[PDB]
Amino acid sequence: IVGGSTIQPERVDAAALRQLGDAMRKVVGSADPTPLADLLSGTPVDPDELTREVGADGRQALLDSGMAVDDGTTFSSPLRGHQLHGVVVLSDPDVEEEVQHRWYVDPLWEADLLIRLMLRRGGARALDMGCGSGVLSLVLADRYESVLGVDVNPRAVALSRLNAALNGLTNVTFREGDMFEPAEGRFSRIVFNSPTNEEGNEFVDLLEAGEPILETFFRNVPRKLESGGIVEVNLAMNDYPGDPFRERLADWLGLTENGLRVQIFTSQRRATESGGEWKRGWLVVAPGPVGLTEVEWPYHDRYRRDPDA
């Protein structure tokens, strides 16, 4: 079972964690792997080689934080390292559904793609709903005065805090709780890699929570969004005969009454028995003329071709 390991960033001082993050930046994803990179790839490593790379302080920080365990003659990690978009990120390894713990954390299935879709603006306060590993909060940190990540998964909150500390971030904080309950005030930026995929209307688990998590999200967006702000959502969308997703969405958002502008970029789609349709896409609220517009943009295909678009 993968996804239940204990993660305790509070056991390591800020400087040591930043130093481990600097060490990860040097080697994670590099062509010449080092013991630290091997460790964060799932390979057991010789602790003496590790000590020479990250120091005795660093070695102990790996243990104290839960980034590594001493198996006896080797160190191993339950987590996997990533370097993307100027940040380093730990998350769970990508593993089949049947072996995931209740508190398994999105192993960055779509994060790299989603960061490339995100608008380059900045502002005052940003909110990452369902922050998971924290990855999207990390990239927002440069251009928002404050970034708040929220998750109902307490292990995600700890891992997000660890990742913020690895990257040396000061303005990124995380809170455990249910949707907007821990997010006070208004935000100029809200991002949400939503836990929706093939489950339709019914909650399965924290990574496939059902259409009701989108309903809660969009019903509360207007009272949580600063005027002229931006909302960005990765979501699965189910169209049923006579009952398209976009109509329920407009109702949740109060879209016309609030004068919001919304665009849905549909990338993937699968026709369903009934002639309805399943879609995966990217939903944006941004300043513009009131209304909802739907466009086809196969950004998954383009991304597989060449990410730099």
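The first residue of the sequence shown is number 1, and the count goes up from there.
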| query | finding |
| --- | --- |
| Residue stretch of maximal mean CA temperature factor, 254-262 vs 32-40 | 254-262 |
| Greater mean Cα temperature factor according to the PDB record, 69-77 or 106-114 | 69-77 |
| Criterion, highest CA B-factor; candidates, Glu208, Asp142, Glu215, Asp128 | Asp142 |
| Top residue by Cα temperature factor, when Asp239, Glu176, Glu96, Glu226 are compared in the entry | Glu96 |
| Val290 - Cα temperature factor, lowest/middle/highest third of chain | highest |
| CA B-factor ranking of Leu63, expressed as a third of its chain | middle |
| Entry-reported Cα temperature factor of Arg52, expressed as the chain third it lands in | highest |
| Third of the chain, ranked by Cα B-factor, where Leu283 sits | lowest |
| Third of the chain, ranked by Cα B-factor, where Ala16 sits | middle |
